[PDB]
Ligand SMILES: *[C@@H]1O[C@H](CO)[C@@H](O[C@@H]2O[C@H](CO)[C@@H](O[C@@H]3O[C@H](CO)[C@@H](O)[C@H](O[C@H]4O[C@H](CO)[C@@H](O)[C@H](O)[C@@H]4O[C@H]4O[C@H](CO)[C@@H](O)[C@H](O)[C@@H]4O[C@H]4O[C@H](CO)[C@@H](O)[C@H](O)[C@@H]4O)[C@@H]3O)[C@H](O)[C@H]2NC(C)=O)[C@H](O)[C@H]1NC(C)=O
Ligand SMILES: *[C@@H]1O[C@H](CO)[C@@H](O[C@@H]2O[C@H](CO)[C@@H](O[C@@H]3O[C@H](CO)[C@@H](O)[C@H](O[C@H]4O[C@H](CO)[C@@H](O)[C@H](O)[C@@H]4O[C@H]4O[C@H](CO)[C@@H](O)[C@H](O)[C@@H]4O[C@H]4O[C@H](CO)[C@@H](O)[C@H](O)[C@@H]4O)[C@@H]3O)[C@H](O)[C@H]2NC(C)=O)[C@H](O)[C@H]1NC(C)=O
Ligand SMILES: *[C@@H]1O[C@H](CO)[C@@H](O[C@@H]2O[C@H](CO)[C@@H](O[C@@H]3O[C@H](CO)[C@@H](O)[C@H](O[C@H]4O[C@H](CO)[C@@H](O)[C@H](O)[C@@H]4O[C@H]4O[C@H](CO)[C@@H](O)[C@H](O)[C@@H]4O[C@H]4O[C@H](CO)[C@@H](O)[C@H](O)[C@@H]4O)[C@@H]3O)[C@H](O)[C@H]2NC(C)=O)[C@H](O)[C@H]1NC(C)=O
Ligand SMILES: *[C@@H]1O[C@H](CO)[C@@H](O[C@@H]2O[C@H](CO)[C@@H](O[C@@H]3O[C@H](CO)[C@@H](O)[C@H](O[C@H]4O[C@H](CO)[C@@H](O)[C@H](O)[C@@H]4O[C@H]4O[C@H](CO)[C@@H](O)[C@H](O)[C@@H]4O[C@H]4O[C@H](CO)[C@@H](O)[C@H](O)[C@@H]4O)[C@@H]3O)[C@H](O)[C@H]2NC(C)=O)[C@H](O)[C@H]1NC(C)=O
Ligand SMILES: CCCN(CCc1ccccc1)C(=O)[C@@H]1OC(C(=O)O)=C[C@H](N)[C@H]1NC(C)=O
Ligand SMILES: CCCN(CCc1ccccc1)C(=O)[C@@H]1OC(C(=O)O)=C[C@H](N)[C@H]1NC(C)=O
Ligand SMILES: CCCN(CCc1ccccc1)C(=O)[C@@H]1OC(C(=O)O)=C[C@H](N)[C@H]1NC(C)=O
Ligand SMILES: CCCN(CCc1ccccc1)C(=O)[C@@H]1OC(C(=O)O)=C[C@H](N)[C@H]1NC(C)=O
Ligand SMILES: *[C@@H]1O[C@H](CO)[C@@H](O)[C@H](O)[C@H]1NC(C)=O
Ligand SMILES: *[C@@H]1O[C@H](CO)[C@@H](O)[C@H](O)[C@H]1NC(C)=O
Ligand SMILES: *[C@@H]1O[C@H](CO)[C@@H](O)[C@H](O)[C@H]1NC(C)=O
Ligand SMILES: *[C@@H]1O[C@H](CO)[C@@H](O)[C@H](O)[C@H]1NC(C)=O
Ligand SMILES: *[C@@H]1O[C@H](CO)[C@@H](O)[C@H](O)[C@H]1NC(C)=O
Ligand SMILES: *[C@@H]1O[C@H](CO)[C@@H](O)[C@H](O)[C@H]1NC(C)=O
Ligand SMILES: [Ca+2]
Ligand SMILES: [Ca+2]
Ligand SMILES: [Ca+2]
Ligand SMILES: [Ca+2]
């Protein structure tokens, strides 16, 4: 009908309830399930769907061998019904590529896939299921994007891309699209030193993205975007509760405008909801590997450099594998406020479970409740020995 | 369009005709069929569908091992087209959980799934395919619900939950929802001593639920609900024709307000249509196990403590397995009265058939006819030796 | 929109062109294809579909063993997209039973399935996908129907049933339904001595059915029905070109009102288009088994007892298996006249091919052309040795 | 809504971006994928789909043995969602045949399939999914057509057929259809000596087809059609950059009205976009086999007999297999001009890869960009050793 506008604020998050779970690897042990990674969730005005980058083979298929590799010509952004597994028969291909983002602006959906050699990649923006705009690599070193949904406001959907080194200063740009066309683009501003895989959400006409400093920070960079003025700024989450992975142990005081040193050249896509006292951070439990997952209420994490948790909820136990995590919200749900949601990628196979030759994942997603619900852990559930 | 109102009374039930049957286990022997249990049937204004709690694996899949277990993080309420089997590719996930109920109010469908640890479970009410309300456990001992459809009247859909001991007094509540929000809730009233898995239907602005006293009764408790006044009362079916399982042999006189003693701490979800002389009870043929299934016309069973059958129809022979059974009706069918219907879960595998390591089921459902149709038996049809 | 009326006459049939073919057995050798038999084709105002009675198992599945049996509780009328195979995932169940018919009246579709023991069978009429009317067996000996589509005119859809002996006089009735309700029923009139599996079509407000005299006739009985007056009459096709199977060799002169003697207690469902000089009969090539299939133009076959073919077209070579065949037409196609169509069931497995333990079929269907198209043969195409 | 009119001209083609890729053979190694060949892509006003001629068996199925054969009764034109593989469950059959073309005129789609013995083949034209017109063979030697989409203008959709010798003069006709009926047909005019498998596109009320001279030309014939006047003319592409296969090495000067001699009785379906300086030719890299694929910008190739490439883009490396290629465009995309697109069939199996007994393909398709995008190669991706 009409372009969606971010007119509400977030609901109070007192706990998280189970939203969707696909049990993809359990089911894929004996069904035609596609090998995937880098999944996310994204809603249209009438339906919410699971998304991920397919590897172009089933798990049980012989071509699953080698799916630890990130970029190839056999990957594609696919979407499928909520809580179903990504099967060969119920999956819709959005575009061809090895990096992506996608969002509905209220009228229709824009999907962006990037493909190519490391030094000659290109992004093709699809709108209403047709290619509309194409952007060629500007730094010649793996043009890449969010790996989770973008957000729009009155037709304008900002998207964060990064081109260049994964372990040094790189060239990050914020593009502002409207109906698939580029309205404008900015170079990154503010104090964030490196940006990768931003996880975004919007409320009260402002867009907040929590990204990943793959270079030196263990605290996460944040990009606040103004989709009307088409401007932005960046900094790091101030809290000592560190959310990247691998990372050092939490200190007593964090940093607001500099990376917190400790681990270099590594990380994991993550997110956060930054809303004053209504602030919740997500992180792996393990400081060493992508293992376990918990949500921690850390009042004013963004600005208070000594903020510590006042409440929490375990999502995945530290004995189970986790992986990427990002934000999304059903901006079209009935109600007075936006209900915050998130997904966690549960990676199985290589590199941790080396008995199999593949790497794939299942998904678990939750949404906030104003109630204080009891907690449960939500692991992948597959038994690797069944695949040997 | 508009909220459905229970304006008709039941049609005369002179016999039962075959409505739907999925042959899930026969077909699943060589197709990607999901392992399920606790199925039911539920209609929308334009289509009737099969529902059940998936175990998150196919029957032939290696993860089918162990599906005798009731609660895990891999279960989900799924729905699929009438008479089709629950396959990985044609199944729609309604919500994540190990206990459920669902009903269409005329405008849209409300689905409720409960998940969690035994001591910290929670129910999340979905309406129009979005989470709306969440209720946390109140007795800390397996919050659970109907396992068959709820019923609505003018927007109000009562749902019966039980939290606490399965073998002692517990805390049962009747919630009255309208568009996913709680309008009110009551503690159980009347003489029923224990309530579990209520099977409900509605006619002439009143809702009747036949439940299961898992503690001491072999006669079944009934809850009559008034969805306008939002009040209810309870008692037991008076008839000596006992319908729980396991149960003692039928006596010559039954009890109206007390459990009929004999078997303790066990039972099976069942139902009945209580309509004066137009009364039919369903029960397993075996008094010892969930074996066989028959419908018996027992005039005034609800109130006459010496009522005995005047007619009957065998649905499943006593040599074949049965299981749960519940009521539903297509409240949107053309016609002068509501046609009573029911389904029977045909459980295969553990515990009775221990040669396989899984537990699953198929479904058979019938609806009433005003004609006196000839009868046939409707067993599952799968040959277990084919799975060894 | 509105009830369809048979306002046109048939187009001139100068040859037959390929309409649809599913290659079900070839494909089912390595796909989840359902075992079927007794197929047919039937159109709705916006789509034409393949129909058949499923055996409730896939071909490669272990339960395929024994599917030579006609009646069981695992059969169901299913429909699926034109030229696709009947797979577990793309098949829609219409009703449960081992004998059926179905037709669209212009507003919606009526489907009828019969199920039960041989002596207590019953038909349940579904209209707009809901059960509406039920008819119990009247002769207590396998109540059965057409096995191909019925035809409607202004809301009224006559259906021919037979109850009683398959090899003696039986009780055949013509029911006239309108919106699933019985308007009236007649006992068979005219000179036909036995009626089974009628194949019907309609033109210029009249319905013609070519059936099967399983008792003594090798010439086929015809029932002409007047759907407005709700009356009918019957006779046999006069031509010496015999179309039942097994049958004697063609004589020089046929019979109009008596069965042509020769083979007793056997036959095959077949059809014909009887339209003066525009008359075409279908028959197996073999007089001994269901082998081969050809269409022969026999001017005035219905009334001329010495009529012989003036043109023909081979559909299936005599070295390939055939089986049932029936008529249907897309009454909603654009055009000045109705294009005659037909399907042939290509049976594979038992009894002829005894190396496998199953019996199933694929379908080939053609429609008339006013052109004189070249011919090709259309066999099933599967290699039985691949299933051993 | 209304008939589509070719009112725009082509967009400037500065490079090609990835549009769709199905990875059919990789996926089919462990999924129910149909064996195909002769694929193409074609759009409707609201969706673009992949098309191909199925062989009526899956790749892993035993009937895949022998699919190197072109014509049989088990082939059918099928369509399926863009970038999905042609699976048994997501594929829609358009018509039965071993040669085809299809196009949407703006209101609905016309599909044409040809089937039959070599000497008695016939084409049946379907419009709005119903058979409408039938054409019988005129030269009695494999009546055949485009193998890629046709194009329409104001209701009129010309289609090029060829009947007769594949290695001598034959009888080629251009039929002009409107709503499935023949408005008129012409014998081929101009200087083209032989025509096979034309690849067409339209812009500014004119239709251009690049075909294949299977007899003596290594330069390609072009047919320009005027869909309003219903007339046409033909010639050869003048450029020395030869695009058929197998072919001689490029000379310094080409021929405009005669076949360029060198290879006889062979070729491959190909295409080109002829638009003055905005001209791009597609060709296999290898001059000997269907190996590799590249696009070359050759300004004024159609008329300049010494034109050579000024830019290029490799699509498939010469170490990977290619095959047929053709044109299509989404005539319903938003925008000021038509974006040129094309697909390449990536053939795997026989005859080149003789270790397997089947022949099948996957598809890669690209569309033009006004940007100068970096390039990547897009091979099939399957490992044949996995099928042994
Ligand atoms: C029924 O359900 C309810 C609702 O869920 C249950 O109640 C909830 O119970 C939760 C579990 O206790 C509770 O969460 C906890 O909340 C406290 C604040 O009150 C919070 O501090 C906890 O978080 C710390 O603890 C967990 C491990 O327990 C850590 O994994 C987490 O990271 C937090 O500690 C780490 O960081 C802190 C800040 O930097 C450090 O001070 C601390 O030392 C620790 O650091 C080490 O570990 C880090 C992680 O590996 C590492 O990075 C660092 O370097 C150090 O090595 C936790 O969130 C909920 O608040 C509570 N909710 C409610 C409403 O009550 C109830 O139990 C259930 N009922 C039953 C019968 O079970
Ligand atoms: C064509 O189709 C028609 C239509 O279906 C057929 O006609 C129908 O035939 C039915 C079968 O005879 C008939 O049903 C019976 O109806 C009578 C009342 O008329 C009813 O009493 C029967 O029910 C008792 O019998 C069955 C076993 O036969 C029991 O399983 C059932 O539970 C009932 O008995 C038990 O409970 C009674 C009440 O408490 C006790 O008095 C009795 O002893 C027995 O108790 C023991 O068994 C219990 C069950 O295990 C146990 O819990 C208890 O502790 C005791 O151990 C049955 O419903 C239909 O009424 C009739 N319908 C019509 C319209 O006529 C016809 O046969 C078919 N035609 C052909 C040729 O076959
Ligand atoms: C390109 O395509 C065109 C178009 O299709 C081809 O032209 C067509 O060619 C057809 C084949 O010749 C031709 O069909 C024949 O038409 C004649 C009438 O003109 C018709 O009589 C033929 O039918 C008899 O013959 C076939 C076997 O050839 C039998 O199977 C059939 O049943 C008919 O014979 C049987 O019944 C008769 C009547 O009772 C008996 O007189 C006769 O003896 C025979 O009886 C025995 O066999 C019976 C069957 O088993 C059995 O029941 C009985 O007891 C006896 O044992 C046939 O239909 C088309 O008319 C013609 N169409 C056109 C427009 O020309 C052309 O060849 C193709 N081009 C090329 C190069 O091939
Ligand atoms: C990032 O991406 C960009 C964008 O793609 C890259 O830049 C592009 O790089 C392309 C590759 O160099 C370049 O394409 C080439 O363009 C030139 C014109 O400038 C064109 O001549 C090239 O085509 C010839 O060369 C290829 C092999 O290189 C041949 O396969 C092709 O057929 C052409 O040569 C053949 O035909 C000619 C004409 O007849 C003959 O003169 C020539 O000898 C040759 O003939 C033989 O081979 C034939 C084929 O087998 C055979 O039939 C014949 O008989 C003879 O045996 C090629 O298209 C793009 O123009 C350029 N694009 C842009 C915008 O710059 C950049 O490299 C990437 N960045 C990085 C870091 O890699
Ligand atoms: C830092 C995150 C993105 N990068 C670095 C890409 C890069 C490598 C080398 C040089 C420059 C850039 C990653 O490797 C991501 O890592 C991970 C990962 O699990 O950490 C998976 C992503 N599939 C991958 N992204 C891409 C495009 O390959
Ligand atoms: C009495 C019916 C519900 N209960 C008891 C739950 C309970 C156990 C122990 C203590 C308290 C409560 C059951 O076990 C039901 O039994 C059966 C059953 O077949 O009898 C299957 C149901 N899947 C299960 N329900 C749940 C939630 O697990
Ligand atoms: C004559 C056609 C219908 N009959 C006879 C049914 C009957 C048997 C014995 C006594 C009375 C009636 C058939 O056997 C048909 O035969 C055949 C067949 O291939 O000849 C298949 C049909 N599936 C079957 N119909 C039914 C209902 O079983
Ligand atoms: C020249 C292209 C079409 N022909 C020649 C048909 C023909 C043969 C012999 C005599 C006359 C005509 C082809 O063989 C095409 O070749 C090829 C091919 O890969 O070259 C595949 C096509 N499936 C096939 N077309 C048909 C209809 O069979
Ligand atoms: C969003 O705001 C714009 C004007 O700023 C308005 O035209 C549009 O309809 C609004 N969207 C909705 C969904 O109301
Ligand atoms: C149900 O009754 C309410 C008023 O009590 C009415 O507004 C509604 O339309 C009724 N529903 C239908 C389906 O008529
Ligand atoms: C069929 O005829 C009836 C009246 O006899 C008419 O009301 C109906 O609309 C007609 N059907 C169509 C499709 O015109
Ligand atoms: C099929 O069943 C029969 C009888 O039930 C048995 O002897 C036969 O061996 C079975 N065939 C196969 C392949 O299992
Ligand atoms: C195409 O042109 C015809 C008239 O020449 C017109 O009637 C039709 O609507 C046009 N099509 C569109 C899509 O405008
Ligand atoms: C395929 O068929 C040929 C000839 O029909 C046969 O020799 C060959 O072995 C078959 N190949 C396989 C793998 O079955
Ligand atoms: Ca980091
Ligand atoms: Ca009990
Ligand atoms: Ca006979
Ligand atoms: Ca050539």
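Since chain B takes its numbers from Swiss-Prot, the residues it shows come out as 83-470.
Header lists the method as X-ray crystallography, 2.0 Å.
Cβ coordinates are placed from backbone N, Cα and C, and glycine is handled just like the others.
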**Q.** Candidate sharing the Ca(2+) site with B:295, B:299, B:348 (per Swiss-Prot), from B:326, B:332, B:386, B:387
**A.** B:326
Q. At the Cα level, what's the spacing in Å between residue B:130 (disulfide bond) and residue B:326 (Ca(2+) binding site), rounded?
A. 28
Q: Write down the Cα-Cα distance for residue B:234 (disulfide bond) and residue B:153 (substrate binding site), rounded and given in Å.
A: 28
(Q) If you measure from the CA of residue B:293 (disulfide bond) out to 10 Å, which recorded positions from the list B:152, B:279, B:348 are inside that radius? (A) B:279
Q: According to DSSP, folded down to helix, strand and coil, what is residue B:282 (disulfide bond)?
A: strand
Q. Going through the recorded positions B:130, B:202, B:232 in order, which have a C-beta under 8 angstroms from some C-beta of chain A?
A. B:202
Q) Near residue B:291 (disulfide bond), how many other Cβ atoms are within 10 Å of its Cβ? A) 31
Q) Looking at the recorded positions B:147, B:152, B:177, B:406, B:449, which ones sit with their CA no more than 10 Å from the CA of residue B:119 (substrate binding site)? A) B:152, B:406
Q) DSSP on residue B:185 (disulfide bond), three-state: which is it? A) strand
Q: Using Cβ-Cβ distances, find the residues under 8 Å from residue B:278 (substrate binding site) that belong to the same chain and are at least 6 apart in sequence, listing them in sequence order.
A: B:226, B:244, B:248, B:293, B:294, B:295, B:296, B:349, B:351
Q: List which of the disulfide-bonded residues B:93, B:280, B:419 have a Cβ under 8 Å from any Cβ of chain C, in sequence order, or say none.
A: none
Q | B:125, B:177, B:232, B:280, B:449 filtered to the disulfide-bonded residues whose C-alpha is within 10 Å of residue B:291 (disulfide bond) | A | B:232, B:280
Q | Protein Cβ atoms within 10 Å of residue B:147 (N-linked glycosylation site), excluding its own | A | 13
**Q.** Under 8 Å by Cβ from residue B:338 (disulfide bond), counting only residues of that chain that are 6 or more apart
**A.** B:273, B:317, B:318, B:320, B:385, B:387
Q: Compute the centroid of the Cβ atoms of B:295, B:299, B:326, B:348, then list the same-chain residues not in that set whose Cβ lies within 8 Å of it, in sequence order, for the Ca(2+) site.
A: B:276, B:294, B:296, B:297, B:298, B:300, B:301, B:302, B:329, B:341, B:345, B:349
